[PDB]
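# Descriptive analysis of the structure
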Amino acid sequence: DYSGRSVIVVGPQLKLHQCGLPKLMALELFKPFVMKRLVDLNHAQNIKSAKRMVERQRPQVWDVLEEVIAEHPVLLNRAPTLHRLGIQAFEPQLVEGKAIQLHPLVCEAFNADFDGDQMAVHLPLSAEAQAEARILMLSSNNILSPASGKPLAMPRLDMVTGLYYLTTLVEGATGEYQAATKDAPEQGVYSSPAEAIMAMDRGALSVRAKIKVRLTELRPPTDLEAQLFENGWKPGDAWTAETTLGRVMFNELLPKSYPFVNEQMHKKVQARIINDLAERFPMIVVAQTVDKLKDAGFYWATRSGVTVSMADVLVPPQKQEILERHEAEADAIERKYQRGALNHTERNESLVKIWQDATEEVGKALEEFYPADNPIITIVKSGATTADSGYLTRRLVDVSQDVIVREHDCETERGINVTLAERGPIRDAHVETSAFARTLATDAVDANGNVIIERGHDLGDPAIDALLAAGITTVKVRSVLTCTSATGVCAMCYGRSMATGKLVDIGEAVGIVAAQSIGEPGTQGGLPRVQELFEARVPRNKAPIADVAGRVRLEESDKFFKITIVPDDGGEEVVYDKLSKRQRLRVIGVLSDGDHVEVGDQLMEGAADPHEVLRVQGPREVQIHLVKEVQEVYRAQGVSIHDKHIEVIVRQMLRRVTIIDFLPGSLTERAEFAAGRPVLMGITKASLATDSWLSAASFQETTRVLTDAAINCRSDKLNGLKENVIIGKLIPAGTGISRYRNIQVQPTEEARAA
Amino acid sequence: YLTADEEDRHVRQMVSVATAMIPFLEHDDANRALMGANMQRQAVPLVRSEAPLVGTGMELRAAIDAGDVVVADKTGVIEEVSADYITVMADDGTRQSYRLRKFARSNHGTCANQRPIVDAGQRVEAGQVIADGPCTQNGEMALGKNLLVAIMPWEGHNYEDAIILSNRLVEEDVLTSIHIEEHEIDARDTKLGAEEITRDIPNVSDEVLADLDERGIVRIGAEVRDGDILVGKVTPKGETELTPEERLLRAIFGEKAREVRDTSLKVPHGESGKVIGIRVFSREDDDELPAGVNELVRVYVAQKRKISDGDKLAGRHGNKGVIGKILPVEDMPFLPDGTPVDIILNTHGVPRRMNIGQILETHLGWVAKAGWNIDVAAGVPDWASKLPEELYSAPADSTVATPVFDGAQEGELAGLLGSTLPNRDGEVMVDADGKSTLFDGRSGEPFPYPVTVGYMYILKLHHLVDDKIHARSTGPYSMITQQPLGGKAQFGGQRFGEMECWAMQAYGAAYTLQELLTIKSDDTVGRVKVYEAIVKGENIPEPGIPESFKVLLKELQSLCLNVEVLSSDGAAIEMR
Amino acid sequence: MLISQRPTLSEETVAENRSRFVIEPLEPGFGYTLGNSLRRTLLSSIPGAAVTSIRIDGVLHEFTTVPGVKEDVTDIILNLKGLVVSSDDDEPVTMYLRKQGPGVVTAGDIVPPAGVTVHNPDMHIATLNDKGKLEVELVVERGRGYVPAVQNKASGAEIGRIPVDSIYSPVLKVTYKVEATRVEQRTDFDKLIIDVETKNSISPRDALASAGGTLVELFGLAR
Amino acid sequence: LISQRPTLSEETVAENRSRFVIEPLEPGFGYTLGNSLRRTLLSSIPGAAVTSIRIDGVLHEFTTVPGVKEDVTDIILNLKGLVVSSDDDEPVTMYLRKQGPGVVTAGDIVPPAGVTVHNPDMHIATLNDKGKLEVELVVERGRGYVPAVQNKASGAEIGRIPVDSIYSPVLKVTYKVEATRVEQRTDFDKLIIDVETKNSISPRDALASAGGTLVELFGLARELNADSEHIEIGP
Amino acid sequence: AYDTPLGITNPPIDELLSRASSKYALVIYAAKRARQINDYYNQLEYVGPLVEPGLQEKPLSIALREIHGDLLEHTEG
Ligand SMILES: [Zn+2]
């Protein structure tokens, strides 16, 4: 109940925390509410009169609607719902028309195109529900992707081009600064930022000019800030620098405390600057700062002067004619191939040189052919421009939903090593998804020298650069794989919440968030390989791993390969019998005969059997391997998923050890546990093995689970959150934990006196 | 014709009917073409049905073949023409007539009005068009209107797919379309008695009946809002066993508790319009109505639908978006004429999304609207070498046809923009680039850069905001499962799926989730308690047990599974 | 450097319905802002002079036909919308139009009551034939801007009457242009001309003077 | 015509800054008069400012002054902040001379009869140990913002520096528009105007100045007929 | 300097999160106080509003201002 939907239209004039609500919809939605207020203020005496008064849409009820709506949040949601950001809270504003007005920045999260999409609206009723919308699900509090930590409400597609244009620098623009000499003084300087505006309204100053002025309210750059003061600041102080008037107006949008930027506001830059703000400033600041970038971005997107027409879209006539010689030479070489002058490989290689010649020719024209100030290029230079995967996400969710932070610290010293941008004379490209937002298991000291960072630090981006100076090439960081928490995981092991940017809060259901963070791009060497890994199935094409360390002897049979490892023991030689030449050797360079090999190296390029490396290298390594494989697939498609998400899923695969024999049956929990062995099993098998029998029934193999559960006469403790959802109980996560649902709210004796 | 197998023996046809009507089809991507064709068969008939200004040769043959247009069977001359019928006196001496469909409802509620295009004393020929169909003008398909377009991003109101229109399109009824809805209700024999429809209703004021006739059906030409009565029907009821508090008022006010219950047709929630016609079928006289039915009456309601913010528009090239805003004609980017532009389309869709043709019919649209006269006296420019004669000169507002795979070529288009005759007082509004200096109608200052302007042919799409907006606070509840459902008088409830539950769990909002799944959907006792709580202003009550779960236990028990609730203290509980 | 010479407003004529107006002298960057400040007011708040509702004896609603006529009632309403009227009497008043026999009904066939006048009698309304009898009344009211058809359920008109969209805007098409002269030696100034065109219900001077009165009274920042 | 309800309210941000709000208008009247107000306040209010100066010792030296840290440019825009109201309405010449080390302010300059400097504490330049300064100033009444004129382009006055003239007292102005419920429709204009002013005149008085020069400006058009019944706007 | 928040956003969550352990505690924190305030407006005596209320302020928005002012203390179970 208390729900509705309609088609959505753009809301460029809205604040980030707001939404346009059709009056009629808001009327029927709040019907019961406006009925009480309509009777209290004695417009109608009995409730029956109030109902007919709203039903007939009497003109008097529109004033009572703004009063009940005020500061009463609503929940918007668009199907399909991929991540938790697919549902957010907004401040409802009554609007004319039958369409919902959605803030333009939230389109990224909802993946909401304005081609006619519809959005649903729900009305939180109780106090706890309203509070959850105001605090937990509010729009302006959720800015960062809960998968990569990257900002999502960052401007896009319109404001990008607009901001790009505003800050760009044009040579010889009207009013360009000139250091006049010997006849008059310099003409490019200006008294204050306001004066330049008066010179811009008049034909004197072009916003994209290279003029220089003295600012008294913006903060100067870091390097230039030391030379000028080094002791005081410029809240009332002044200083001069040479920048475009636009770059000035741009920096005005940022916070006063942030240092001057002075750059062409490239697409990539705005990500940097917005990222920095989230770390240094509270949420409300970033929310308001992104709101200001929207207005400016749009305004200048209109004055940008970007329109398509005959000239811009025109494809160069010369390109078509140049390819004629290009196609005749590629064909003329084909006529020589048949004659016998081909030489059989250079001819094929030479054709690529012909074909490559056209590619070079189009580049020879491309930027010279279309004037540098081309609107199609400007859009490019600025950077502005199903269920099968959701089937996998369902198994992901069902195997990790009960994974929630249950304590602040487990106090374990165990951890895992991060490469941390090694191979320098050079930062690793994947540090942002492996080292960022972690916590140190052991202190990090550079010898010889002082300890660079103390154990248990947040390992923010500023810390990496500080670490980079020391020349460090590895780091030990806590992880949910090594966490020793009896129930769930601990905050310190999990680390920083991607959404909040601070330490994860106890009660966060990191399991579900992990499954979503992984599932969303699933719809976006693909899903079969990912599903092959999480289900723990033997690789499609098996690849052998080294069973022992030593040198290697390589032999080539007919259509086969033989690989013998000469151990350094040196004991029984390890021989890997028959290996299809179709599945060629791995790479170090490419492996050759006589190279040294370690206890776990993959001998040939391919998918190693996870059950193989488990028996060989032990549980801790299988997790490292699987995460490396999964993250490599997503990395191949350009998807940024922090390792901790994948790790949450992997942790649930090694939780049980086979016994089957000192005990009745196998597959008892590691904590539950007379010798057992570590086990690797797929998510589907792992989730069906949960202790709750109605959770396993609602998931898969319904008939099977009941029969075995009825015989064993099992009893469900109703501990997991799935169960409580079915019977209507409070899920044991978030606001449902014991610690959080027993808070006693009493006013201090000191406050009541007032 | 060539046989399929005959293709091996010896060595525009690939285009469909909907596809062959997209001008500049060759330059648009194949995928965009099909998408554009689907949207042509998605348009709705407009009251005025203006023909496309830049089209292709197919419109004429396509219109008459559809069959919704009136074609003279034999050459002759008309005798009398009235909105009802047209009759032509053939030279042969025979006499033929044609009754014109007027405001007939289509399958999906679209209007099927025909218009007469001929006059008295007019000669006609065999196969010639006599009257215009719904979406035709003078014999060719008119699925939309021609509008002035500016391709500037206008301050985020046209953000990323949305569109902004002039208020003119509302004042001038250019995009206005009529829609007709049918309603039905019947009187039959019942188990208890016989259904009877009449003006008398058990409990009503004389104002709701103020629009009903004797029989109790709404009178023709009446205006009906949501919840009003269309047909007054009543069915037997008993035993009543009315509550004591109900009867005490019955005696106090002296209103006898009637023996029958009200089953009367009311207009659905969110619908409104005038009553066009009524179709009454009664068993009394004639009328083969199925066994049990004693009378039937159908009500036809129709409405003029002004183009509204939220509706969907689209061109023939696959571009579609919602009407994001409608700006007053005043504060609209307008040419130096003071000529406001109709709609403002954003440029962002274009980058590497090819849709190139959409820009071509925009320039050709301005050429066709303004007229041209090539400069061929001594020049005879090289670009017009391939051109046909006397196309050189054309007057203002002329129509143009560019068949798909051989239409106007690129070079010729450029030359046509060079010859672009003035507007009333000699002056040029569009350069050879198809751009012009537009004046921001809200600030007054011109837009610093030349903006592309032209005339494009766009369509009003099938699904409209009025039909798509839904809202519900409380309404009907399903029988087997108490979850809400919207039947008559829509009041349908939005459905909160598992994926939505996943997100709700991810946030940690335990209460919001419980509320949605228990007291908003399935709690037979909770939903009523929260409604009582809201009206009193008291705190929201504590949720109970979702009826879905209760039914679950019975389903397990029906399967011979002894489910036991197993409380910590009493150890055995019956839901009751 | 005060160059003080109060602005001068000059009438002019290009046609009967429209006529230019030229105001000089003015400061820099003042023409564009002032011009659109009047255009936005002209196109909107000039009072009419419009028709609210109509009533045809033979018809009860807009979606029927009249025996004999060529246009349906919905196509006649669309025609009736284009008519430009003018009324100097407050308090709605009704016109009449009765035509019989073959011929063509036009705006001239409409009999205006005392105090109103039809300014484009040449307009085509409907074409009648031998059997066609068109008896129609029209209610003229005075307002401004564009008002949607006031439905007869909001006002108790009754079944019979037909509400129609009303357009009170005597102004047809407005534009402007400025010829600011930047003088290097001395005396920078601006000068604009506006092009006001009306619907024949009032004159360009009448409209501009009405728009001027609105803005003048509206700029009450003195309080 | 009778408009339902206009109003105008004022809230002060600082001593020389204030927000003005008009509520409610009739759509789309916000954009109509909005841009015309900012245009009037900025370029239509009479005020006096500096046109051109000349310094002793700076005749063909491009950028340096002896015995003072500040250079040519830094002092030109230092003076552009000088606010002085005058009724002479012609290029009067004030004079500033201070000897010895020390910081000169806008109070050291001797104002001729009719000119009154409003920012005495304004910093102008810092002096070297054992230094003296003598600068000539040309002040004339102004309107808006006139860029620095070319000195003569004629025979000449050797060693004459024209400077950008900030004639109007209003430093800068910007406007916004919002919609508020009229109890019937959501779309009713709300005009927000943001004016930062010189201490010559306050914002309240600065707005009325723009209101008078604008209402009398439109009086011409009203004079043509004066009986077309435009809009009442109540009392 | 984070300019004045509008309606729902005020008060900022950061300044609220200093008054409790987590964002989830803040929820229950203000929620139970909201039920407390609304009971006082009808009728185990009821307390509040400790802060001078607004024109028509909702009890949940009152409890958030109260928490921002440290006017009450809570204990987690
Ligand atoms: Zn841990």
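Residues numbered from 1 in each chain as written, not as in the entry; some residues may be left out. Chains lettered and ligands numbered in written order. Part of a larger assembly, values for the part shown. Heavy atoms only, no water. Residues with missing side-chain atoms left out of burial classes, pairs and counts.

This entry, as listed in the PDB, derives from X-ray crystallography and reports a resolution of 3.2000 Å.

## Quick notes on the sheet that holds strand 8 (residues 129-132) of chain B
Residues and elements named next belong to chain B. Reading across the sheet, the 3 strands line up as 2-8-6 and stay open at both edges, with antiparallel pairing between neighbours. A strand with exactly one partner marks an edge of an open sheet, and here the two such strands are strand 2 (70-71) and strand 6 (115-116). In this sheet, strand 8 lies alongside strand 2 in antiparallel orientation, the contact comprising 2 bridges. Considered in strand 8, the bridge of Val-71 is made with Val-129. (Pairing = 2+ DSSP bridges. Helix = DSSP H or I, 4+ residues; strand = E, 2+ residues; numbered from the N terminus.)

## Focus on the domain arrangement of chain B
Residues and elements named next belong to chain B. What the domain assignment reports for chain B is domain 1 (25-53 + 142-175 + 306-354 + 435-464), domain 2 (54-141), domain 3 (176-305), domain 4 (355-434) and domain 5 (471-576). Look at where the C-alpha atoms of domain 2 and domain 4 centre, and you get two points 33 Å apart. Contacts between the two partners involve 4 residues from domain 2, matched on the other side by 8 residues from domain 4. Surface buried jointly by domain 2 and domain 4 totals about 430 Å² across both partners, of which 61% is contributed by carbon and sulfur atoms. Along the contact surface separating domain 2 from domain 4 lie 2 residue pairs in polar contact. Residues that form the side of domain 2 that touches domain 4 fall into these classes: 1 nonpolar, 3 polar and no charged. (Domains from an automatic or database assignment. Contact = heavy atoms within 4.5 Å. Buried area = accessible area lost by both parts, 1.4 Å probe. Polar contact = N/O pair within 3.5 Å; in protein donor to acceptor, adjacent residues only side chain to side chain. Nonpolar A, V, L, I, M, F, W, Y, C, P; charged D, E, K, R; others polar.)

## Digging into the side chain of D:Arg38
You can see D:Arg38 is positioned in helix 1 (residues 29-43). Here D:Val173 takes part through its backbone oxygen, which lies 3.0 Å from a polar atom of the side chain of D:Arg38. When sequence neighbours within four positions are dropped, the list of residues in contact with D:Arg38 reads A:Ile197, A:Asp201, D:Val173, D:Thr174 and D:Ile193.

## Some words on the interface of chain E and chain A
Taken residue by residue, the interface counts 41 residues in chain E and 41 residues in chain A. Only helix 1 (13-17), helix 2 (23-40), helix 3 (59-68) and strand 1 (72-75) of chain E provide two or more residues apiece to the side of chain E that touches chain A. Looking at the side of chain E that touches chain A element by element, the count peaks at 13 residues for helix 2 of chain E. Residues that form the side of chain E that touches chain A fall into these classes: 20 nonpolar, 12 polar and 9 charged. With 4 bridges joining them, strand 25 (residues 744-747) of chain A and strand 1 of chain E adopt antiparallel strand pairing. Bridged to A:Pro747 within strand 1 of chain E is E:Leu72.

## A short note on helix 2 (residues 73-81) of chain C
For helix 2 of chain C, the buried fraction is high: 9 of the 9 residues fall into the buried class. Among the residues of helix 2 of chain C, the N-terminal cap falls to C:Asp72, whose side-chain oxygen and the backbone nitrogen of C:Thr74 are separated by 3.0 Å. (Buried < 20%, exposed > 50% of the residue type's maximum accessible area, 1.4 Å probe, protein only.)

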